[PDB]
Amino acid sequence: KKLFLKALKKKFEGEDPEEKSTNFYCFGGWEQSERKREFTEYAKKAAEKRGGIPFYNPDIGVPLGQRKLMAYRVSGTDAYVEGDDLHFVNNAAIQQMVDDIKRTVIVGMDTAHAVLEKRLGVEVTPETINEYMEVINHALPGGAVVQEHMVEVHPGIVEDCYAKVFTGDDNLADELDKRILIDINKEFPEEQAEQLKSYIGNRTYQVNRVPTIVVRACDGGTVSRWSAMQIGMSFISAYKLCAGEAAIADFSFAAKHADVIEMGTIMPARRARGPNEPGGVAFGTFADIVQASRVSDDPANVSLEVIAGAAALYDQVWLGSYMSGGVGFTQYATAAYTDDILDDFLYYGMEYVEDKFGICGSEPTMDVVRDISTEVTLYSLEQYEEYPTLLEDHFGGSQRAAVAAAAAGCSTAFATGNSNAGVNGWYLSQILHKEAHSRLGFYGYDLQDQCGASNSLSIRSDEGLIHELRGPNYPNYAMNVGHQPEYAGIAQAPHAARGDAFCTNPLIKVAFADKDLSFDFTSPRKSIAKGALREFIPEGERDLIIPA
Amino acid sequence: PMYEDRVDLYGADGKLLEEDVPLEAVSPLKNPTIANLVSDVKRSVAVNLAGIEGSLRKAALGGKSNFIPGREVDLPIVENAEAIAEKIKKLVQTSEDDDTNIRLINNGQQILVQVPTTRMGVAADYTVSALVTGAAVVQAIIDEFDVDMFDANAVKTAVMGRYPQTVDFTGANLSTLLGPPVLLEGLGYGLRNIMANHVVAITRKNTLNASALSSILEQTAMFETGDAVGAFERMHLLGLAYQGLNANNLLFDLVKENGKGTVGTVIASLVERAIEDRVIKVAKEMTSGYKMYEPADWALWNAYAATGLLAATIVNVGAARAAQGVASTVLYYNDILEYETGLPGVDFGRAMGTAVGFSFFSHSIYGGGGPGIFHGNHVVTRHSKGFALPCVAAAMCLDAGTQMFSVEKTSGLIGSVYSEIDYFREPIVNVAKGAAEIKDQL
Amino acid sequence: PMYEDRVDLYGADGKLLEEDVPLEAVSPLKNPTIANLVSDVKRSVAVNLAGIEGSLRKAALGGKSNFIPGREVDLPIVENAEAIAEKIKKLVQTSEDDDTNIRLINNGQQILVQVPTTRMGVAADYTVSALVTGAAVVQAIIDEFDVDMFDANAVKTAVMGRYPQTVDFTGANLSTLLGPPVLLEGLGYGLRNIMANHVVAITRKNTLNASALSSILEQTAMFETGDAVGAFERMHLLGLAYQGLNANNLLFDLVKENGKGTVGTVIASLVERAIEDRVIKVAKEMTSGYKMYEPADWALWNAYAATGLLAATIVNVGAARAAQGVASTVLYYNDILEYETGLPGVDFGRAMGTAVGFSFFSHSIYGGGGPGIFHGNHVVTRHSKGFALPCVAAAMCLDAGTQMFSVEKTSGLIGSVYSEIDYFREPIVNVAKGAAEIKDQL
Amino acid sequence: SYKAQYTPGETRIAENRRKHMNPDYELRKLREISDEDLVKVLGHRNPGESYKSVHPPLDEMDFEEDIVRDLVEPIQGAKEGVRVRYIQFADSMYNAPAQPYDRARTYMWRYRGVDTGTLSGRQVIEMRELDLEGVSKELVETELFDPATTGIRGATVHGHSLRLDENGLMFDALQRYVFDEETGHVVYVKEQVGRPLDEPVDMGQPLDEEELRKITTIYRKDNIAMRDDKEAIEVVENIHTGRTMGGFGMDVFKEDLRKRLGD
Ligand code: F43
Ligand SMILES: C[C@@H](OP(=O)(O)O)[C@H](NC(=O)CCCCCCS)C(=O)O
Ligand SMILES: C[C@@H](OP(=O)(O)O)[C@H](NC(=O)CCCCCCS)C(=O)O
Ligand SMILES: O=S(=O)(O)CCS
């Protein structure tokens, strides 16, 4: 059975999914939609607040809904929602996913501990780390620890702010307060735990999540600074230091520069942003943030969960607002995580790979890339050709090109274990798609796909880069929808096929293995669905400081 | 010449090098040693072959704690360093007769690559050296071992890091003294980007050569920013000659006569010398007997003041053999000097203001760090136009091991890679030899 | 020489300039004309005296629509332009005998300042020329009129804009062809930062000299970024020689024989020529009779293909005398060439990919603009390594007046300031003469 | 001499693409439209109005000798300085007789002074309006056009990927054309941006399904699958492989590298 049929049958109730014809113009326009009706009603209720300024009006411009306006199944869920409920402005789960990433920074503790012992003659023990972690959980959300006559942040509005510690040293982990421990051996399957610890070694890290309200009022560049200020206050208080001496500057340099791990790197001037903003998150970094890898051993499922989160992050929020704005890019993104369509294509490719090569059963060669990418692209195209309702669902060429090529690229990575062979396969898929349907995506969709084969295995200046470390600022990729989310899946795919615990950074992977995050990173699909249903409670609202 | 000033050039040992030299003979615009030093800083690239190899062997790619499981490449790069260096030479040079220089260091684990000036001449900025060197290193490695196409991009990533997803070579295994211009604080700040610990490592911890190299780079940067233009040029030249190059032995003699003294006694010695040399004079005597002074020659007074400043740093930090005191010394040297005399302090307040922020950001939670990590392109220590950072270079030479971010920690291979370059390691004697070469052409 | 290739250099008029020239005689690393052109681009600064004066008169300071009431300064700057220029010269030069050049333009309302190479030599990047020139202009004006201390900072703000609150000279009244490096998209992109409309104004709208100047700057930048190193050098040299400099008259002859033709007929002429010259050959004949070709010489095939691309631009945009079609032409020339032959298109897809985004960002709501505002440091058109922007320069020469952001609008004074520089205005003939100068030294 | 090949492939779909591209292949005329009605559906001007310029006549723009410029013959609209205008089509994926990249490739072989943009849902040509009208007449009268599956539309173009309506016509949210049940013809009642026409324009009868399967340029499993055109796939893979090899550089440029290494 094809995985998308269940959704088509519900989305096109009363109609044969294989029938080429239908009736239009018979739905009442916007009035067919619960959500459109709600929107129009709020627009009218807004008239008094706006004092005469015109507002949303369904009679301005395009009369939406001459065709049937679709509901969408969030893939891997049973949630069916109108597209508007998946717009990032309308979906608190998507916004909290981004805020939880922006507000996280990781700081090594071994250098600060060396400053204490070597420079300040102060001993560091499990008990003193535990006391420090208690102090920073008062200081990080805005509590005072040294000065008299301090004002403080209202704890009620920053209850999402906290700090935890993790270590590759099992002997130290057994001694740390479990209330503040991210326990690698408990969060990860045994083999993944062992892999993570071999790379992390006997090193200790704190994970600081600054308040959601702070990154909403300010930006991502605030996060490493806020973390570092309160790390400094917490060392001063917990270890009873002089509150302002030369050694303190060493904690600062360590926490803001020498021992810090941020989520995202800075942008060039044309698209200027500080750290911990979406354009700076490499694809492999995002795959490590998503936690599907540690709860599923289905490499297709793992890749698909990453693609869902990355579609929200890169296409809807980054490209659709930060870099553009407006109605934005909801359905460019939802095509990669709704109706189990991408699932059908990727499970086909994974099963083709399992049968012909074995998962991780081939070294990367052009023969293998060509074989797999071609076959999965043909299968994907044939699905749109056999199901008119499928093609009316993924109505925009860009959507189709991204989804077929995502299945082709991930499947190639499953066979070969090589992300750049994967992305080479993605570029083959795109030019084959174009030649089959005599179309591809929007006006500027294939800028990176026509340059892609040559730059996939390039070793030059701004061309060559291992795929896991490419991201939204890789030059070819810096402008266009329908690629970045899927590239995150391609970064995850060879590692999921191998059963790796992470793609690029074991510190990132452990730092999000934490039930106390607000967004559920083990399944971005399920969380986004909960947001679409208006059932997700975000952080950072201001109800406690504003009138009832 | 343009200016009438002449000085005697004295070495770091306090002995006369060159007598009766026109001030312009040490101008960054004229001195051939300064020109070669700046050319070498721009064209030189450190290639870490051992780091490239180990990054590849572990797939430890693209920066701090990154690993990409399954993408490891195991190659004997250091064992074949000579062959690889010969290939780098062929790819980087523009002709067999040009000034391309390739030097293996540390048993082949590192290479110093000096890109030919012909390539710099047709490039817009100095990043070309790193870019061309990186391209040659990547191809040399791929060709040496016939690295297959699906592994080759890991070699690229091991050499140049996360570029172009990052704006710079984050996590790369090559480095340059100058970082890329996209990270400059101020326009024209390229030469100011060298941390004090690197300066100390290049001069092998020799106090006055470190402060000289810093002064040379800082004041040359002041020509690049347009600050040393027109009215202000003589102030910057005199600053270089006196504070950086121990003109007339004033710097050395101030330290020598105050070796058991304090910041205050250095001030008293400097004010007395300035009165003898008629650099300052009494403007008004006040009711209490206090004499308020004025400069007779403002650029020269500033140079005398800056020389006392470096001498006070050496006396007071040298007494502690602990560099943390450097910011405090720069601050209170200027503060006391002003209230002792009524005169404006070094750089008309900007060295003192720089020291205020430098003190704060080397003792507080908010940023900065220990003194060795600062430089003229740092937001904290950019404000003085060349007169403060030489003190930090001198101070870190005198630290006996009180820092966590020590020369060894931040700059551990910088000595082995760059300090064999004579003009870098020993700038005073070599700038004096340059001055002798042109003194009669001015 | 290193490479065996020899070409005939032909002018923009399609007549022979130099016979049997070694390929390297046109290398950015060897040709003395390219070295001088790049030096002049880096060292040249346009001073808008009329703009400084009007800015001061209205206190119209620091960018568009800013005014600071009460801070107006009324000075006859243009009336005293000669005296002011003479002061700038004294401040900018390093000696009476150096290569400092000051030229008044447009009745003294603008000055072309070429800063001496000596100052560039001891600076880290090319911003020195703007900084030094700004400092000299500020002091020249303050000295010429004895501007008082409380008004002087307005003169500074009139010259250099909102710097340093802005990272660049926002709202300044001086300009350079190269913007500051902090605004570069990619490392080494300095030479790529010149908008197509500026190139068209510098060459006075002469189609092939515009495409040549663009190709020279683009391909020289590829040496700066390290892309033209090692294995890739010959591809970039052949690209310059054929696409930029009309090697063997191939560009000129393709246009001429297709003056009443289409993009398709240009492709047919180019493929036939490539078969004649044994640059490509049949790899396999398919069931349908379709012949799939392969390159016999990959760098040379790419150069032939790039030459056809520029010819197709000139034919198809020239037919419309409307520049908007340039992006579509670059796109479909490459698309059709690939499916006509089985060969990779120009720059192995990157010229085509550049053209897709360029088409999109010159016909959509999301960014970009008309073709004249693009350049190699633009996020949209950075991707092809020198093979696409020459087409845009040619196209805007051929626009007869269909654009809002026309040369006149974006580049209105650029011609009067720079086009008298012979190497800028007529690069083909002067590069050929540089090649003749060194041909037997290779 | 040289015989153009146009596109690879062993199937009827490929040969249809080649026919579209070949300038010596005469496109069959399936209908006629008057000059007035074509101008009316374009919607830019009224027939009889003088052509409107965007700049003076071309001979006033050439101040200086440019030998390369004068090698190229300007199209008549350029000579006269006429403004640039457009026509835009959506093509049904249910075997519309022309398809988006097929159009772009056809235009660049057949027509002079073209600015053409390809998208999944529409394909646009912008051209000097004088010459646009000649080109458009061919694009509407010939087998490149089927009034049921080729929609003229400058805005709100949704429909290429949708199911056909109950009369076999492509979706148009603005309904710029309607099916006349009395005659079986497709009739334009609005111009291409959606303003009502004073007088409807008859575009004739839709092609039947079998004719569309015969002349269309899209591959579809239910007609001729891409998978069946092994020749076309072989050439696509070759282009991909060649681009990959050229970007990697080290083997195709091995002799260039050897000369740089002094070997
Ligand atoms: C640890 C430091 C060193 C440092 O880098 N920053 C500190 C502490 C830092 C903390 C104090 C928070 C806490 O108690 O947990 C914060 C709030 C910044 C933060 N991390 O959020 C702050 N100071 Ni401080 N800091 C202040 C100030 C000051 C004044 C206090 C002088 C007095 O007599 O009480 C002195 C500097 C001075 O002497 O001039 C000062 C020093 C210091 N300041 C000394 C601690 C002094 C002590 O041990 O009591 N701050 C002020 O002068 C007023 C504003 C006040 C800031 C909070 C606010 O603006 O509401 C706070 C601003
Ligand atoms: C110095 C610098 O810190 P670094 O030395 O780069 O870590 C800079 N911070 C600051 O300027 C902190 C300013 C606000 C707190 C102190 C206010 S008195 C910054 O974070 O970019
Ligand atoms: C091209 C560039 O715009 P400018 O040409 O600089 O105006 C860039 N925009 C984008 O890349 C927009 C990307 C998101 C919208 C299109 C998505 S397909 C930017 O704003 O910095
Ligand atoms: O029509 S365009 O392709 O220009 C933009 C689509 S969102």
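Procedures and definitions
Residues numbered from 1 in each chain as written, not as in the entry; some residues may be left out. Chains lettered and ligands numbered in written order. Part of a larger assembly, values for the part shown. Heavy atoms only, no water. Residues with missing side-chain atoms left out of burial classes, pairs and counts. Near = heavy atom within 4 Å. Polar contact = N/O pair within 3.5 Å; in protein donor to acceptor, adjacent residues only side chain to side chain. Areas by Shrake-Rupley, 256 points an atom, 1.4 Å probe, with all protein chains shown as cover. Nonpolar A, V, L, I, M, F, W, Y, C, P; charged D, E, K, R; others polar. Helix = DSSP H or I, 4+ residues; strand = E, 2+ residues; numbered from the N terminus. Buried < 20%, exposed > 50% of the residue type's maximum accessible area, 1.4 Å probe, protein only. Contact = heavy atoms within 4.5 Å. Pairing = 2+ DSSP bridges. Axes fitted to C-alpha atoms, helices over the stretch in contact; angles between N-to-C directions. Domains from an automatic or database assignment. Buried area = accessible area lost by both parts, 1.4 Å probe.

- In the PDB header, X-ray crystallography is given as the technique by which the entry was determined, and 1.800 Å as its resolution.

- Under the PDB entry, chain B has the name METHYL-COENZYME M REDUCTASE II and belongs to Methanothermobacter wolfeii.
- Per the PDB header, the title for this entry is "METHYL-COENZYME M REDUCTASE II FROM METHANOTHERMOBACTER WOLFEII AT 1. 8 A RESOLUTION".

- As recorded in the PDB entry, chain A goes by the name METHYL-COENZYME M II REDUCTASE, listed as coming from Methanothermobacter wolfeii.

1. Some remarks on the site of ligand 2
- Around ligand 2, a shell composed of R225, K256 and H257 of chain A together with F361, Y366, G367, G368, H378, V379 and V380 of chain B is seen.
- Each of chains A and B places residues near ligand 2.
- Contact between ligand 2 and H257 of chain A: an oxygen atom at 2.7 Å from a side-chain N or O atom of the residue.
- For ligand 2, an oxygen atom lies 2.7 Å from a polar atom in the backbone of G368 of chain B.
- Contact with the protein chains removes 57% of the 540 Å² of surface that ligand 2 exposes when unbound.
- A class-by-class count of the residues in the shell around ligand 2 yields 4 nonpolar, 4 polar and 2 charged.

2. Focus on the environment of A413 of chain A
All names here are of chain A.
- Structurally, the position occupied by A413 is in helix 19 (residues 397–416).
- Residue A413 is classed as buried on the basis of its relative accessible area of 0%.
- In this structure the C-alpha to C-alpha distance between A413 and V353, which are 60 residues apart in sequence, comes to 9.8 Å.
- Aside from chain neighbours lying at most four places away, what touches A413 is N418, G422, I490, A493 and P494.

3. Examining the sheet that holds strand 3 (residues 104–108) of chain A
Residue and element names in this part refer to chain A.
- Pairing is antiparallel in the open sheet, where 4 strands are placed in the order 4-5-3-6. Two strands close off the open sheet at either side, each with one partner strand: strand 4 (162–167) and strand 6 (260–261).
- With 5 bridges joining them, strand 3 and strand 5 (residues 204–209) adopt antiparallel strand pairing. Bridging across to strand 5, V107 finds its partner in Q206.
- In the packing of helix 11 (residues 221–238) onto the sheet, the strands contacted are strand 3, strand 5 and strand 6, and the crossing angle to strand 3 comes to about 45°.

4. Looking at the site of ligand 4
- Around ligand 4 sit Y332, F442 and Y443 of chain A, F360, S364 and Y366 of chain C together with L119 and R122 of chain D, and those are all the residues in its vicinity.
- Proximal residues around ligand 4 fall on chains A, C and D, making this an inter-chain site.
- Take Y443 of chain A: an N or O atom from its main chain is 2.7 Å from an oxygen atom of ligand 4.
- Side-chain polar atom of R122 of chain D to an oxygen atom of ligand 4: 3.5 Å apart, as the coordinates give it.
- Burial of ligand 4 by the surrounding chains reaches 78%, relative to a free accessible area of 270 Å².
- Partitioned by chemical class, the residues of the shell around ligand 4 number 6 nonpolar, 1 polar and 1 charged.

5. Some remarks on the pairing of strand 4 of chain A
Residues and elements named next belong to chain A.
- Counting buried positions along strand 4 gives 6 out of 6 residues, so the element sits mostly inside the fold.
- Of the two faces of strand 4, both are covered, the one formed by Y162, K164 and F166 as well as the one formed by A163, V165 and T167.
- Relative to strand 5, strand 4 runs antiparallel, the two being bridged by 6 bridges. From the neighbouring strand, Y162 faces strand 5, where its bridge partner is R209.

6. A few points about the domain arrangement of chain A
All names here are of chain A.
- Domain boundaries in chain A define domain 1 (1–101), domain 2 (102–276) and domain 3 (277–505).
- Inter-centroid distance (C-alpha atoms) of domain 2 to domain 3 is 35 Å.
- Each side of the interface is counted separately: domain 2 has 20 residues, and domain 3 has 18 residues.
- Considering each element in turn, the side of domain 2 that touches domain 3 owes the most residues, 4 residues, to helix 9 (residues 190–200).
- Its residues placed into classes, the side of domain 2 that touches domain 3 shows 8 nonpolar, 7 polar and 5 charged.

7. Focus: the interface of chain C and chain D
- Chain C puts 73 residues into the contact, and the matching count from chain D is 65 residues.
- Both faces combined, the contact of chain C with chain D buries some 5,800 Å², and carbon together with sulfur accounts for 59% of it.
- On the chain C side of the contact with chain D, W298, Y332 and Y339 of chain C bury the most area, a combined 12% of that side's loss.
- If you look at where chain C meets chain D, you find 34 residue pairs in polar contact.
- Of all the secondary structure elements, the ones that give two or more residues to the side of chain C that touches chain D are helix 8 (207–224), helix 9 (233–244), helix 10 (250–257), helix 11 (263–276), strand 8 (291–295), helix 12 (298–320), helix 13 (326–341) and helix 14 (350–360) of chain C.
- In terms of residues, the side of chain C that touches chain D owes the most to one element, helix 13 of chain C, which gives 9 residues.
- For the side of chain C that touches chain D, a count of residues per class yields 34 nonpolar, 23 polar and 16 charged.

8. Some points on the side chain of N258 of chain B
- The residue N258 of chain B is located in the loop between helix 10 (250–257) and helix 11 (263–276) in this model.
- Separated by 2.8 Å, the side chains of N258 of chain B and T265 of chain B make a polar contact.

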